[PDB]
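**Student:** Okay, here's the structure, questions in a sec.
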Amino acid sequence: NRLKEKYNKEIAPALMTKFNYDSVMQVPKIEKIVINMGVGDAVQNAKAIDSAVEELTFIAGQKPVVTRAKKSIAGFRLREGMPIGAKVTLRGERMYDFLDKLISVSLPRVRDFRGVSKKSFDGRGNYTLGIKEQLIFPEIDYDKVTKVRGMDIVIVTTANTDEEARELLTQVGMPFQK
Amino acid sequence: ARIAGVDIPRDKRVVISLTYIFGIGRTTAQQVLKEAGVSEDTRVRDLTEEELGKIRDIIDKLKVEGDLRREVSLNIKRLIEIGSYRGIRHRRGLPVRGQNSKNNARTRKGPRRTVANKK
Amino acid sequence: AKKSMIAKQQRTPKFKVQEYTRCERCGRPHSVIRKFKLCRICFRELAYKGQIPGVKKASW
Amino acid sequence: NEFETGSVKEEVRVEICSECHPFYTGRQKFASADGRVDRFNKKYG
Amino acid sequence: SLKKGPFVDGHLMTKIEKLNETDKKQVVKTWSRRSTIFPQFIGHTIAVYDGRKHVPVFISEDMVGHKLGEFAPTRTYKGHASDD
RNA sequence: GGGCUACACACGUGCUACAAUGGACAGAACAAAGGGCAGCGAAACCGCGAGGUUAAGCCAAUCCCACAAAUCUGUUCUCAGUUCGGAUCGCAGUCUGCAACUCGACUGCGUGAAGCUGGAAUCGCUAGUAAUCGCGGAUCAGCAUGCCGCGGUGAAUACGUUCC
């Protein structure tokens with residue numbers, strides 16, 4: 001909750017002076033994060049896609065749900081049924097308890113990483129990010145999982161423009177390649 | 001995982017255990033352990049709660065995994081944009097140091113295959 | 001071109017490293033022992049001729 | 001460094017923190033000293 | 001090389017020196033490829049005598065310790081029959 | 001100045017390994033022969049190393065090249081692409097030479113290919129031979145996995161002329 005108090009006292013007042021706001025009260029707000037698994041099956045016979053689903057319980061406490069395909073693909077499995085990947089939509093106090101782990105711990109842990117996200121902005125608001133290691137998340141043990149599985153994060157901004165959406169992220173302490 | 005060089009193994013003595021680090025080799029490990037005074041110690045992984053940290057600092061002075069990969073990468077990229085001839089050998093599949101090509105030198109060339117006959 | 005070669009050698013080289021060994025009896029370069037400055041074949045024919053002691057041949 | 005949060009485990013030791021990581025901690029030299037030396041600085045007399 | 005030091009034949013030295021002090025003449029042939037590039041030599045473009053034909057060579061700031069003749073390969077590629 | 005060193009590949013011939021009869025570390029111990037004055041160059045000192053500084057002695061059964069290596073004795077790793085092997089390459093040095101890019105050798109550091117004994121087929125050798133470990137020389141400014149020698153350790157089998 002320390003991150004949650006942080007924008008209630010530090011970020012917002014500074015954000016208010018950076019440019020004018022209609023009706024004073026208006027301020028961009030984080031909405032939902034969506035973590036993707038993908039897995040890739042390779043090919044369909046994981047055999048246990050659910051074993052990957054258990055792994056995501058560590059990255060976030062919200063229960064993952066498998067994303068069943070709504071369309072068949074000629075190049076890869078499969079027609080509808082036998083779900084591929086998983087999805088999570090953490091909210092509330094969980095939102096900043098998770099984001100606090102992201103800046104302070106997750107991103108710096110990565111080897112080659114120093115900073116990203118420049119062209120990444122939609123020009124509308126939403127942020128996107130890729131995650132390629134479970135070593136990135138401290139709660140996971142090294143002994144578990146063995147083979148690497150992919151991950152994603154998508155922060156949402158209330159702001160109607162990326163110029164406002166970006167400035168909100170900078171005060172959060174989010175890294176940028178610059 | 002891990003405290004110094006990332007992903008050092010387990011159930012092995014500390015010297016070979018950090019030779020695996022992309023940076024330190026054998027003799028360099030002999031030097032950092034000479035600074036350590038560990039005496040080997042420990043066959044498995046059990047060093048000491050704080051000594052692991054002070055060794056983590058000395059290893060931190062040495063540099064550095066994937067960035068060291070960036071050193072060689074930026075170096076060869078410096079060796080190709082420069083003209084060149086050395087990076088030219090780097091991408092011909094030609095050995096760079098200078099050791100013919102009429103026989104062997106398959107380290108870059110690969111195995112298969114063959115496309116000639118006479119007569 | 002052996003006359004041109006011996007003429008090339010008897011003349012002083014621009015650099016001291018240049019002076020390769022060669023026998024006087026024959027103008028052939030290469031495969032000339034430095035210690036005696038003779039041709040292997042030069043020394044062969046002189047060996048059948050016998051120039052130095054001694055025994056000759058294939059002892060020990 | 002210590003941090004008070006919440007987890008399944010009562011205690012969580014952590015190898016790396018933002019207060020220790022060189023990037024988050026301003027612009028510490030850490031080990032580089034990037035660009036030393038490039039693209040040229042080679043002279044000896 | 002070794003120590004004291006890199007060794008130009010020395011005619012290129014006075015040539016690039018006079019070209020640096022004045023005139024700023026560009027493109028000049030040389031047969032002596034053995035000479036190493038120097039900081040005073042920077043920015044010049046030399047036709048390099050591979051043997052068959054001179055190959056002009058610009059000098060970027062990045063190149064110094066590399067031999068001047070190294071940049072131009074005498075070798076002709078490849079040559080091979082059925083590519084792909 | 002190049003090229004004789006090409007490079008998609010084939011073949012001939014060597015070298016190094018694919019490892020616990022082993023690897024690595026420490027200690028200890030046994031040679032022969034050959035070369036050396038435009039040379040060998042000790043010892044002392046500097047550098048992790050290569051070598052350098054300086055310099056005694058030796059025209060040599062005197063002195064130098066020069067320390068033999070396998071081995072033995074212990075410590076350690078405990079069966080794996082490994083503390084197996086070293087390839088390839090990067091960086092930083094070093095010897096020789098007017099000069100080491102093409103196209104030299106060596107060292108320090110770093111990188112750690114392939115290969116876990118090899119199809120069809122094929123070679124050598126009857127004892128100090130095969131097996132294997134080091135050393136020297138001719139060559140030679142520098143460059144010897146090649147060649148020529150030196151010694152260490154040191155077997156198995158030979159019923160026989162059916163067959164090649």
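**Student:** Counting just the residues of the range A:141-153 that are in contact with a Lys or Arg (Cβ under 8 Å, 6 or more places away or on another chain) and away from chain B (no Cβ under 14 Å), which one comes out nearest to A:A14 (Cα to Cα)?
**Tutor:** Result: A:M151.
**Student:** Which residue out of B:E40, B:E35, B:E49 is exposed (fewer than 14 other Cβ atoms within 10 Å of the Cβ) and part of a helix (DSSP H, G or I)?
**Tutor:** Numbers: B:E40 fails: part of a helix (DSSP H, G or I); B:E49 fails: part of a helix (DSSP H, G or I).
Within the list B:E40, B:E35, B:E49, the selection yields B:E35.
**Student:** List the number of the failed condition for B:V96; all other conditions in (1) more than 6 Å from RNA strand F (Cβ to nearest atom); (2) part of a loop (DSSP other than H, G, I, E, B); (3) within 23 Å of the chain's Cα centre (by Cα); (4) not polar (S, T, N, Q) hold.
**Tutor:** Against the list (1) more than 6 Å from RNA strand F (Cβ to nearest atom); (2) part of a loop (DSSP other than H, G, I, E, B); (3) within 23 Å of the chain's Cα centre (by Cα); (4) not polar (S, T, N, Q), B:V96 comes up short only on (1).
**Student:** Something else about it: Applying the selection to the range E:53-84, what residues are within 7 Å of RNA strand F (Cβ to nearest atom) and of a type in the set (K, R)?
**Tutor:** E:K67, E:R75, E:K78
**Student:** Out of B:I55, B:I88, B:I59, I need the residue that is more than 14 Å from chain D (Cβ to nearest Cβ), in contact with a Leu (Cβ under 8 Å, 6 or more places away or on another chain) and without any contact (Cβ under 8 Å) to a residue 60 or more places away in the chain. Which one? Break it down stepwise before answering.
**Tutor:** Working: B:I55 fails: more than 14 Å from chain D (Cβ to nearest Cβ); B:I59 fails: more than 14 Å from chain D (Cβ to nearest Cβ).
Sole residue among the options that is more than 14 Å from chain D (Cβ to nearest Cβ), in contact with a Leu (Cβ under 8 Å, 6 or more places away or on another chain) and without any contact (Cβ under 8 Å) to a residue 60 or more places away in the chain: B:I88.
**Student:** If you don't mind, another one. If you scan the range E:35-56, which residues turn out to be within 14 Å of chain D (Cβ to nearest Cβ) and among the β-branched types (V, I, T)? Lay out the reasoning, then the answer.
**Tutor:** Keep residues of the range E:35-56 that are within 14 Å of chain D (Cβ to nearest Cβ), which gives E:36-43.
E:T36, E:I37, E:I42, listed by residue number.
**Student:** Mind checking which residues of the range A:34-53 are over 17 Å from the mean Cα position of the chain (by Cα) and either part of a loop (DSSP other than H, G, I, E, B) or among the small types (G, A, S) (or both)? Outline the logic, then answer.
**Tutor:** Kept after step one, since they are over 17 Å from the mean Cα position of the chain (by Cα), are these residues of the range A:34-53: A:40-52.
Correct list: A:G40, A:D41, A:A42, A:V43, A:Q44, A:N45, A:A46, A:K47, A:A48, A:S51, A:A52.
Matching residues to (1) of a type in the set (D, E); (2) near RNA strand F (Cβ under 7 Å from one of its atoms); (3) over 14 Å from E:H66 (Cα atoms):
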residue	(1), (2), (3)
B:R78	no, no, no
B:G83	no, no, no
B:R91	no, no, yes
B:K102	no, yes, yes
B:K109	no, yes, yes
B:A116	no, yes, yes
B:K119	no, no, yes
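**Student:** To continue, here is another question. Taking the range B:23-39 on its own, how many of its residues are under 23 Å from the mean Cα position of the chain (by Cα) and in contact (Cβ under 8 Å) with a residue 12 or more places away in the chain? I'd like the intermediate steps shown before the answer.
**Tutor:** Going residue by residue through the range B:23-39, those that are under 23 Å from the mean Cα position of the chain (by Cα) are B:23-36.
With in contact (Cβ under 8 Å) with a residue 12 or more places away in the chain added as a condition, the list becomes B:23-24, B:28-30, B:32-33, B:35-36.
Summing the residues that are under 23 Å from the mean Cα position of the chain (by Cα) and in contact (Cβ under 8 Å) with a residue 12 or more places away in the chain in the range B:23-39 gives 9.
When we count neighbours, we look across all protein chains shown, and the Cβ atoms used for this are built from the backbone with ideal geometry, even at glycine. FYI, it's all coordinate maths here, none of it is from the lab.
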